[PDB]
Structure formats: C-alpha cells, structure tokens
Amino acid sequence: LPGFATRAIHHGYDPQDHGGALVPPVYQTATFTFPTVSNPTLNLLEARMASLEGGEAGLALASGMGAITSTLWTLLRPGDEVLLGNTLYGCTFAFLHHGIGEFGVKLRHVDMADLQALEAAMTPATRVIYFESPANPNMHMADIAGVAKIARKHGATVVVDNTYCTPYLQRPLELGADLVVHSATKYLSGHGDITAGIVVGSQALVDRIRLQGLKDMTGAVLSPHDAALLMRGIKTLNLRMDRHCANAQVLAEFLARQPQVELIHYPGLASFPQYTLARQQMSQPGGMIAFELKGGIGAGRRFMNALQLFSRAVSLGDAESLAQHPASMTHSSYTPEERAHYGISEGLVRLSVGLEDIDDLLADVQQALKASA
C-alpha cells in the first residue's frame, strides 16, 4: 500500500483520465445532463479521505456541524437513545440538547474512558454512542477499542469526532469505530479559508447519511470550489501536523516549567493522566495545548490580551497560532462557579499551536506570561 503522503496527494486520481491535467479540474456545476432519457470533485475528496481514514466510503459536507447533524439525523429517531462523551464541542452540545434532543431522542452523558460505567448505561434503546477524542475540555481520552467492543455487543453505532487528530494521527475506524466525523474547516484544510465537514465509514452507513441526512434533512452541500481547496490542504497534511506537534511539544514543555502555570493538559507530557492510552491511539500528541494560570480568570484575560503573535480566536488547526480563554471569552457570560460546571476552569487557556517559528511563539508566550503577573 502506498504511504500516507502518497495517497493524500494521488489517491483516486489519474491525470490520463482528465486530458492529462496534473491537478483535477473543478466541477463547479450544479447539474449534470444525460445522453438519453454525483460531483466528481466531491467524489475525489471523499475517496481520498476514506483512504486516509482507512474506511470504505466518505461524504463531504458544507461544515463539521453539517457532518455531525447529517449523521445523527440519519441514525436516530424518537425513542432511540444516544450516549455522549461527558464534554462536547459547543455547537454539538447545543444540537443534541436543543435540537434533536427536543424531538424525542434520548440523551445521556457518560465517561467514555470508564468502560464499567459505559457498559452500565447501555440499554436496548441505545442506538448511537458519540464522542470526541481527545475531548475539547482538557484532552480527555476515550477507550475507542473498549467502547467499540461494548457497542458491538449491544449492536450500537459508534461515531467518533476525529477533528483534533485527523487521519494522520489517529484512525478510530481501525480501532472499531463505525463512523468518523470531521470539521475539515480545521486541520484538514489547515489554512482557515474554507468551511467543510467530512464523514467516513462503511458504504452502508455513508450511503444512508448521503441519501437521508444530507440530501433531505440538512442540505449541507459543500462547494466544489471549497472541496478543491480542501484537497489542496490535505496534500500537506502530514507535513503540517508534524510541525504542529513538534511546536506544541516544545511549547508544552516550556509551559510546564512556568511558575505561573498551575496545570497543563497536553498528551505529550509524561505526567498526562491518560498518557498510555493516548500513545496507544495517537501516533503523535497533537497541536493543541490546554493549561491553567494560577491567577484564575484575571490572569488568563491579561495573558490573552498581551499576546502579539498568537491570535485571539475560537478556531484551531490553522497555519496561524490561535488562543482562547473560555472564561473571559466564549463562556464570559457563564458566572464563576456556574462556568465550572461545563468543566471550564477560570484560568483555562487553550492554544492551537501554529506553524510559525517556535522561538517566536515561545517569545510571545513568555512575554504575555509576564503581563499576566
């Protein structure tokens, strides 16, 4: 089998099939005609992501939320139950609790790392088990293989949001997951210029999602133009993730030596709670770092406002380094003790480590750390 990098560049395409074009032409057309009485650009992206993820088929959508909703609207119906990881991406949480959850679908959050508890929460109604790994809060890891075994016993469908790792660092399908969902807007695109989502899994499941969730319940159609840009980004996925991870590791070790830092959440540190599990499922620790300042919410606010290279934003996986402090940002409306509920610390700061020179990033952080004193 050709290597990952080779497939990310060539899988599913032969220039001789399109007039010798080295780069596939963009099928920016809404409709196709018939000689007598699917979009190729999108089909290539899908086959390529399926190949990288180690799955039978792929589906491309307008956004990560488009992929999540199309998938869940397809697999769930009133009466069905869905077990969820204890923490989820903001909009995913809203979708479940304020969306499909208000339509007769039962929801329940369980620690996906606690196989005992998971086995206990299972019921004959449990139709889907959905979670992210690592999870948005403090990189909580889930035992994918362990969860898949239980799910396989009860006949439940396992859906894993693999946004953070990408197929390059983790492949849940190879660990038992039935479906993998991605916000391709992040690492896959890698350049923060498109919004897109991806679904990969068995031909049977993906066909259903395509013809039901996407076609009829969301209409989250991805533009061929953006699909092309996404494939452009995927061509450097391995190289970009290597740098993201190498930069993050150095930055994490630097932060671990800071007096002002109380706690550090990074899979690459030996003191990481689930260090062993992470290494079992991930080939590299990732480009995301979560940490807490001893000064609480005030220290985080000052740290954030002093950053000059890092950007204050909510996304991740871009060439540019990004930082966010939920306490004084996304969750600024949530009162102190109230904020703690969602697991958000008052001094919790999350960094999406970019591709810029590491010493420049270390210098920005060092400089900002001084301003949060």
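Counting begins at 1, following the sequence as shown.
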Coordinates lacking for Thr195, a third or more of other entries
no
Establish whether the other compared PDB entries of this protein leave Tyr89 unmodelled at least a third of the time.
no
Which class describes the count of deposited residues lacking coordinates between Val37 and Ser38: none, 1 to 3, 4 to 9, or 10 or more?
10 or more
Going by the entry, of stretches 228-236 and 78-86 the one with greater average Cα B-factor is 78-86
Per the entry, where is the mean C-alpha temperature factor higher: 109-117 or 167-175?
109-117
Highest recorded C-alpha temperature factor, please, choosing from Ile264, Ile194, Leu205, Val181.
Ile264
Considering only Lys186, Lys149, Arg210, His244, which residue's Cα atom bears the greatest B-factor as recorded?
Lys149
Can you work out whether the C-alpha temperature factor of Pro285 puts it in the lowest, middle or highest third of the chain?
middle
C-alpha B factor of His18, ranked within the chain: lowest, middle or highest third?
highest
Within-chain third of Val158 by Cα B-factor, per the entry
middle
Please say which third, lowest, middle or highest, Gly190 falls into when its CA temperature factor is compared across its chain.
lowest
Would the CA B-factor of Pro137 place it in the lowest, middle or highest third of its chain?
highest
